[PDB]
Each structure stands twice: as structure tokens, then as C-alpha cells.
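Participant: Take this structure first; my questions come after.
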Amino acid sequence: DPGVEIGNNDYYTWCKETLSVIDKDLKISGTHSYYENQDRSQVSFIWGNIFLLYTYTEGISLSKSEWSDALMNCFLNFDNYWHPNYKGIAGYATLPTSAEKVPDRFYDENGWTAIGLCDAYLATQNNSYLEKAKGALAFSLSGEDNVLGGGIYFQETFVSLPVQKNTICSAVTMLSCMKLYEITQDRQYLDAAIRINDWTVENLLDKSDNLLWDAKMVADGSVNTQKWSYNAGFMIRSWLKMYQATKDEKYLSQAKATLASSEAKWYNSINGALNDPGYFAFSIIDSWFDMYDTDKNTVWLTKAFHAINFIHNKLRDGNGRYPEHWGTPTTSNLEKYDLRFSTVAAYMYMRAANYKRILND
């Protein structure tokens with residue numbers, strides 16, 4: 001029973017507490033923008049804001065009236081990161097930008113954002129959210145070409161990084177495509193997800209453990225074989241959507257094989273720890289929630305609540321802050337922190353609150 005794991009845990013309150021501390025530490029006074037880190041000297045990179053977007057969006061499921069304004073204010077902050085036309089195409093930048101400036105854009109960042117904006121549209125029916133979801137996803141899809149036979153580049157403007165195509169770009173683009181396919185019923189999104197998936201499985205999936213390698217270098221086809229939880233997790237979420245859309249059992253079997261291997265590699269089911277950066281490992285928890293949505297087996301929720309309980313009860317420090325990595329209990333207060341460390345925890349708490357509500361309905 002997940003009931004045993006949920007107990008009297010007030011996930012909804014834990015989320016609000018976490019958001020309060022984030023705002024205190026990192027909200028830029030007089031704005032709805034956030035600093036990157038404890039130095040409070042640079043506006044945040046887009047990524048930590050994406051976890052806020054996800055949190056407020058999920059909040060709508062708990063209370064539309066409580067979270068609608070927060071979601072809209074977040075969306076309007078994202079407008080600061082939107083570039084309406086750089087070298088012929090619109091898309092989000094990693095830092096605030098405007099039409100007359102040169103942006104630094106990433107195909108993965110745009111897909112992470114597209115996912116959130118699709119969910120925001122599903123929650124609210126606000127067309128402006130979907131317009132940007134489509135624009136962000138179009139930007140991600142513009143990173144796809146037949147160099148290496150397919151796949152999507154890490155970034156628009158390579159400088160110090162070698163030119164490469166990356167699993168996370170495949171995976172967030174696939175999931176975005178599947179969400180927009182559900183909304184629009186336009187088969188071109190489904191076909192894109194299938195094409196990108198076929199390339200990704202052929203080039204970046206390790207058949208020995210069903211985990212995902214990180215990237216493939218354009219210069220020589222060499223693979224970065226580092227295995228990160230989020231490369232598996234976003235592929236699992238995508239495959240589960242593809243299963244729902246196609247009813248082809250191959251997607252479910254692949255999702256289950258990759259998820260089992262992800263649990264074996266990263267999850268200590270005894271204490272609930274996830275042995276990776278939180279801003280990656282949360283994707284395994286979202287995979288468990290998707291599995292519950294798929295088969296209604298409550299054991300998936302027991303795992304999710306156990307891991308989220310660990311975050312609160314073992315990772316949270318004496319100042320209500322969160323560490324980068326989820327693998328080990330926190331034993332002293334953090335001196336350094338970036339926006340994404342606590343925002344991902346807030347998101348997890350809101351997801352947990354939602355599933356607690358669903359179980360008690």
C-alpha cells in the first residue's frame with residue numbers, strides 16, 4: 001500500500017514551504033525572475049525556472065484558483081528568455097534575451113520547456129501557453145538533420161563543446177512531440193517521435209542493459225558512454241506515450257526494461273535514495289508515476305513516495321535547502337546552491353501531493 005508510505009505526510013505543504021525558501025533566497029526583488037545561485041549576481045539560466053513551471057502547472061490540479069496566477073507570472077517570466085527571431089527561427093534562450101540580441105540557445109532546453117507548456121495548456125486551456133509550446137518544440141525539431149543519420153544537436157552555437165547529438169535532445173523532443181500529438185492529433189508529431197526514436201535506439205541505446213549513452217560526436221561518430229538517469233527517464237516517459245498512442249507492446253516492453261535497469265543502477269529501494277543529481281533523477285520518479293498511470297499498479301507509487309520522502313526527510317538541510325545530488329543524506333548545511341537544486345524538489349512535492357489526492361478521491 002502506498003498509504004503506509006504516504007502516512008500523514010503533507011506533500012502540498014512541503015511544496016509550499018520549499019517555494020517560500022526558494023523565493024526568499026533566489027527571487028529577484030521586485031520581479032518574478034530568479035537568480036542563478038547564492039551569489040545573487042546573475043539571472044538564472046532557464047533550466048531552474050523550468051522546474052518552477054512544472055510545479056505551478058501541477059499545482060493547477062490541486063487548486064486552479066491557488067496556482068493560476070503563479071503559472072501565468074512564470075509564463076510571463078519565460079517571455080524574458082524567448083527570442084522571436086535569431087537567424088530565421090524563434091526559440092528560448094538559456095538566459096534572458098531580446099529581438100536585437102544574439103542568444104545562446106539549446107535544443108534540449110526548448111524541449112524541456114515545450115513539455116511544461118503542453119502540460120500548462122492541458123491544465124488551463126490557455127492558447128498562449130500552447131503557442132509557445134509549439135514554437136519551442138519547432139525550435140527543438142530544427143536541430144534535427146541527417147548528420148549522423150538523424151538525431152538532434154546539443155546546441156545551436158557550438159563554441160568550446162565538440163559538435164554532438166545528444167540523447168536528452170532526442171528524448172525531450174520525442175516527449176514534446178507525443179504531448180502535442182495528443183493535443184493536436186496531427187500525425188506529423190507522431191511520425192517525428194518515431195523517426196527520432198528509431199535513430200536514438202540504433203545509435204545511443206546500450207542493448208546490454210537497456211540504458212542510454214549520453215551523446216554521439218559528429219566528427220567521428222564516437223559515443224560518450226556516460227550513463228545518466230534522465231536520459232533513461234525521458235526515453236521511458238516518451239515510450240510510455242508512444243505505447244498509449246500506438247498500442248504497440250514493443251514500446252511498453254522497452255520502457256519496462258529500461259526502467260528496471262534504471263532502478264537497479266540508481267535507486268536504493270531500502271532507504272529511497274537516488275544516486276544521481278536530483279535535476280536528472282527526478283525523471284525516474286516521473287517514470288514511476290507514468291507507470292502507475294499505465295497499469296494502475298500501486299507499487300509504482302510506493303516507490304515514488306518512498307523516494308520523495310527521502311528527499312524531504314534526509315536531503316533537506318537545516319535552512320530548508322537541497323543538495324545537488326540525491327544519493328546521500330545531508331549532514332551539514334549547504335553554503336552553495338543553484339536554482340535547480342530546490343526547484344526540482346518543489347516539483348516532486350507537488351507531484352506527490354497530486355497523487356496523494358488521486359489516491360484519496
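Residues in the C-alpha cells are named by chain (A, B, ... in the order shown) and by number from 1 within that chain; ligands are numbered from 1 in the order shown.
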Please return, as a list in words, all residues of stretch 135-302 of chain A that DSSP assigns to strand (DSSP E or B) on the basis of the backbone.
Facilitator: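 Result set for stretch 135-302 of chain A (strand (DSSP E or B)): residues 144, 152, 153, 155, 164, 165, 166, 205, 206, 211, 212, 215, 216, 217, 223, 224, 267, 274 and 277 of chain A.
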Participant: Please save N, CA and C atoms of the selected residues as a CSV table (one decimal), in the first residue's frame.
Facilitator:
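Output saved as out.csv:
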chain,number,residue,atom,x,y,z
A,144,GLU,N,17.2,18.8,-35.7
A,144,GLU,CA,17.3,17.5,-36.3
A,144,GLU,C,17.7,17.7,-37.8
A,152,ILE,N,19.4,15.0,-32.9
A,152,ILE,CA,19.3,16.4,-32.7
A,152,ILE,C,20.6,16.9,-32.0
A,153,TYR,N,21.2,17.9,-32.5
A,153,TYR,CA,22.3,18.6,-31.8
A,153,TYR,C,22.1,19.0,-30.4
A,155,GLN,N,23.3,21.9,-29.1
A,155,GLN,CA,23.1,23.4,-29.1
A,155,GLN,C,23.2,24.0,-30.5
A,164,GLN,N,28.0,17.6,-31.4
A,164,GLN,CA,27.5,16.4,-31.0
A,164,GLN,C,26.0,16.4,-31.0
A,165,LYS,N,25.4,15.2,-31.1
A,165,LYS,CA,24.0,14.9,-31.0
A,165,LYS,C,23.7,14.1,-29.8
A,166,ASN,N,22.6,14.4,-29.0
A,166,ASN,CA,22.5,14.0,-27.6
A,166,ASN,C,21.2,13.3,-27.3
A,205,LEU,N,21.3,3.6,-27.6
A,205,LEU,CA,20.8,2.6,-26.6
A,205,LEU,C,21.8,1.5,-26.5
A,206,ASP,N,22.2,1.2,-25.2
A,206,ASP,CA,23.1,0.1,-24.9
A,206,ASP,C,22.2,-1.2,-24.7
A,211,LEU,N,20.1,0.7,-21.0
A,211,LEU,CA,20.3,2.1,-20.6
A,211,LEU,C,20.8,3.0,-21.8
A,212,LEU,N,20.8,4.3,-21.7
A,212,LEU,CA,21.1,5.2,-22.8
A,212,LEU,C,22.5,5.8,-22.5
A,215,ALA,N,25.7,10.8,-25.7
A,215,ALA,CA,25.8,11.6,-26.9
A,215,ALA,C,26.7,10.9,-27.9
A,216,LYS,N,26.6,11.3,-29.2
A,216,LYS,CA,27.4,10.8,-30.3
A,216,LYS,C,28.1,12.0,-30.9
A,217,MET,N,29.5,12.0,-31.1
A,217,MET,CA,30.2,13.1,-31.7
A,217,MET,C,30.1,13.1,-33.2
A,223,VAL,N,31.0,7.7,-29.2
A,223,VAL,CA,29.9,7.8,-28.3
A,223,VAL,C,30.5,8.2,-26.9
A,224,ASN,N,29.9,9.2,-26.3
A,224,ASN,CA,30.1,9.4,-24.9
A,224,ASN,C,29.2,8.4,-24.1
A,267,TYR,N,18.6,3.4,-8.0
A,267,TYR,CA,17.7,3.5,-6.9
A,267,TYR,C,18.0,2.5,-5.8
A,274,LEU,N,18.2,8.1,-4.5
A,274,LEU,CA,18.5,8.1,-5.9
A,274,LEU,C,19.9,8.6,-6.2
A,277,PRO,N,22.4,13.3,-9.7
A,277,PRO,CA,21.9,14.7,-9.5
A,277,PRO,C,20.4,14.7,-9.5
Participant: Give me the residues of stretch 109-212 of chain A that have any atom at most 8 Å from an atom of stretch 231-240 of chain A; for each, the nearest atom pair and the distance in Å, rounded to one decimal. Use only C-alpha atoms, sort by chain and number, and format it as a Markdown table.
Facilitator:
| residue | atom | partner | partner_atom | distance |
| --- | --- | --- | --- | --- |
| A:167 | CA | A:231 | CA | 6.0 |
| A:168 | CA | A:231 | CA | 5.4 |
| A:171 | CA | A:235 | CA | 5.2 |
| A:172 | CA | A:234 | CA | 6.4 |
| A:174 | CA | A:238 | CA | 6.0 |
| A:175 | CA | A:238 | CA | 4.6 |
| A:178 | CA | A:238 | CA | 7.1 |
| A:211 | CA | A:232 | CA | 6.0 |
| A:212 | CA | A:232 | CA | 5.7 |
Participant: Restricted to N, CA and C atoms, what would the selected residues look like written as a compact mmCIF listing (two decimals), in the first residue's frame?
Facilitator:
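Written output follows (result-v3.txt):
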# COMPACT_ATOMS: atom_id res chain seq x y z
N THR A 167 21.27 12.31 -26.49
CA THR A 167 20.08 11.57 -26.12
C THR A 167 19.04 12.48 -25.52
N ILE A 168 19.43 13.40 -24.64
CA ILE A 168 18.41 14.20 -23.98
C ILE A 168 17.64 15.04 -25.02
N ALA A 171 15.12 12.75 -26.50
CA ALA A 171 14.11 12.31 -25.56
C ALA A 171 13.09 13.42 -25.24
N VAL A 172 13.55 14.64 -25.00
CA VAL A 172 12.60 15.71 -24.70
C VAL A 172 11.83 16.11 -25.95
N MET A 174 11.01 13.93 -28.40
CA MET A 174 10.03 12.84 -28.54
C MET A 174 8.85 13.05 -27.60
N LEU A 175 9.12 13.37 -26.32
CA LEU A 175 8.02 13.51 -25.37
C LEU A 175 7.14 14.71 -25.73
N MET A 178 4.95 13.79 -28.61
CA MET A 178 3.85 12.93 -28.22
C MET A 178 2.77 13.71 -27.48
N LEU A 211 20.09 0.75 -21.03
CA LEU A 211 20.28 2.14 -20.63
C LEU A 211 20.80 2.96 -21.82
N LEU A 212 20.77 4.27 -21.66
CA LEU A 212 21.12 5.18 -22.75
C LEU A 212 22.47 5.77 -22.53
Participant: Give the alpha helix (DSSP H) residues of stretch 17-86 of chain A, as assigned by DSSP on the backbone, as a PyMOL selection string.
Facilitator: chain A and resi 17-26+46-62+64-78
Participant: Rank nothing, just name the residue among A:226, A:61, A:342, A:125 nearest to residue A:23, using only C-alpha atoms.
Facilitator: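 Among the listed residues, A:342 lies closest to residue A:23.
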Participant: Env of residue A:83: 9 Å cut, atoms = only C-alpha atoms, seq-sep filter 3 positions within chain, self excluded. Answer as a CSV table (one decimal) with N, CA and C atoms, in the first residue's frame.
Facilitator:
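Ended up saving to out.csv:
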chain,number,residue,atom,x,y,z
A,79,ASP,N,8.8,34.6,-21.0
A,79,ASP,CA,8.9,35.6,-22.2
A,79,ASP,C,10.2,36.3,-22.2
A,80,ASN,N,10.8,36.6,-21.0
A,80,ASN,CA,12.1,37.2,-21.0
A,80,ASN,C,13.2,36.4,-21.7
A,86,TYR,N,16.1,34.6,-34.3
A,86,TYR,CA,17.5,34.7,-34.4
A,86,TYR,C,17.9,33.8,-35.5
A,89,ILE,N,14.7,31.8,-36.9
A,89,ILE,CA,13.8,30.9,-36.1
A,89,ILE,C,13.7,31.4,-34.7
A,90,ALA,N,12.5,31.3,-34.1
A,90,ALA,CA,12.2,31.7,-32.8
A,90,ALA,C,12.5,30.5,-31.8
A,91,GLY,N,12.9,30.9,-30.6
A,91,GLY,CA,13.1,29.8,-29.6
A,91,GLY,C,13.6,30.4,-28.3
A,92,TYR,N,13.5,29.7,-27.2
A,92,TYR,CA,14.0,30.1,-25.9
A,92,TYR,C,15.5,30.1,-25.9
A,93,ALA,N,16.1,31.1,-25.2
A,93,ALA,CA,17.5,31.1,-24.9
A,93,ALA,C,17.7,30.7,-23.4
A,96,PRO,N,18.1,35.5,-20.3
A,96,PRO,CA,17.2,36.5,-20.8
A,96,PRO,C,17.8,37.2,-22.1
A,97,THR,N,16.9,37.4,-23.0
A,97,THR,CA,17.4,37.9,-24.3
A,97,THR,C,16.3,38.8,-24.9
A,98,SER,N,16.5,39.3,-26.1
A,98,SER,CA,15.5,40.1,-26.8
A,98,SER,C,15.8,40.1,-28.3
A,99,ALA,N,14.9,40.7,-29.1
A,99,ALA,CA,15.0,40.5,-30.5
A,99,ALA,C,16.3,41.1,-31.2
A,100,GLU,N,16.9,42.0,-30.5
A,100,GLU,CA,18.1,42.7,-31.0
A,100,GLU,C,19.4,42.1,-30.5
A,101,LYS,N,19.3,41.1,-29.7
A,101,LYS,CA,20.5,40.5,-29.1
A,101,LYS,C,20.8,39.1,-29.7
A,102,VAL,N,22.0,38.7,-29.6
A,102,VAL,CA,22.4,37.3,-30.0
A,102,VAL,C,22.2,36.4,-28.8
A,103,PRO,N,21.3,35.4,-29.0
A,103,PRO,CA,21.0,34.4,-27.9
A,103,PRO,C,21.9,33.2,-27.9
Participant: Within 12 Å of residue A:42, counting only C-alpha atoms, which residues show up once you throw out same-chain ones fewer than 4 positions away? Write them as a list in words, please.
Facilitator: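 The contact residues come out as residues 26, 27, 28, 33, 34, 35, 36, 37, 38, 46, 95, 96, 338 and 339 of chain A.
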Participant: From the set A:94, A:63, A:104, A:210, which residue has the shortest atom-to-atom contact distance to residue A:43, counting only C-alpha atoms?
Facilitator: A:94
Participant: I'd like to know which of A:146, A:113, A:309, A:225 is closest to residue A:133, using only C-alpha atoms.
Facilitator: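 Among the listed residues, A:113 lies closest to residue A:133.
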Participant: Measuring atom to atom with only C-alpha atoms, identify which of A:154, A:47, A:139, A:129 is nearest to residue A:85.
Facilitator: A:139
Participant: Residue A:332: which residues within 12 Å, counting only C-alpha atoms, same-chain residues fewer than 6 positions away excluded, as a PyMOL selection string?
Facilitator: chain A and resi 314-323
Participant: Export, as a JSON list (two decimals), in the first residue's frame, the selected residues with N, CA and C atoms.
Facilitator:
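Result file selection32.json:
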[["chain", "number", "residue", "atom", "x", "y", "z"],
["A", 314, "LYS", "N", 15.69, 13.26, 4.51],
["A", 314, "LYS", "CA", 17.13, 13.09, 4.56],
["A", 314, "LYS", "C", 17.95, 14.10, 3.80],
["A", 315, "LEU", "N", 17.39, 14.74, 2.77],
["A", 315, "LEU", "CA", 18.19, 15.66, 1.99],
["A", 315, "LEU", "C", 18.03, 17.11, 2.40],
["A", 316, "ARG", "N", 16.84, 17.49, 2.82],
["A", 316, "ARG", "CA", 16.58, 18.87, 3.19],
["A", 316, "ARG", "C", 17.53, 19.25, 4.34],
["A", 317, "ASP", "N", 18.19, 20.39, 4.24],
["A", 317, "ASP", "CA", 19.10, 20.84, 5.31],
["A", 317, "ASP", "C", 18.39, 21.70, 6.35],
["A", 318, "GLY", "N", 19.13, 22.13, 7.37],
["A", 318, "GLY", "CA", 18.54, 22.93, 8.45],
["A", 318, "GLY", "C", 17.99, 24.30, 8.07],
["A", 319, "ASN", "N", 18.40, 24.80, 6.89],
["A", 319, "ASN", "CA", 17.87, 26.05, 6.28],
["A", 319, "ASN", "C", 16.80, 25.83, 5.20],
["A", 320, "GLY", "N", 16.32, 24.60, 5.07],
["A", 320, "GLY", "CA", 15.29, 24.27, 4.07],
["A", 320, "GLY", "C", 15.83, 24.26, 2.64],
["A", 321, "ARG", "N", 17.14, 24.06, 2.49],
["A", 321, "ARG", "CA", 17.75, 23.95, 1.17],
["A", 321, "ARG", "C", 18.07, 22.50, 0.81],
["A", 322, "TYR", "N", 18.34, 22.30, -0.48],
["A", 322, "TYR", "CA", 18.52, 20.97, -1.05],
["A", 322, "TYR", "C", 19.84, 20.84, -1.77],
["A", 323, "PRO", "N", 20.48, 19.67, -1.64],
["A", 323, "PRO", "CA", 21.75, 19.43, -2.30],
["A", 323, "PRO", "C", 21.59, 19.08, -3.80]]
Participant: Between atom CA of residue A:160 and atom CA of residue A:40, what is the distance, to one decimal in Å?
Facilitator: 25.8 Å
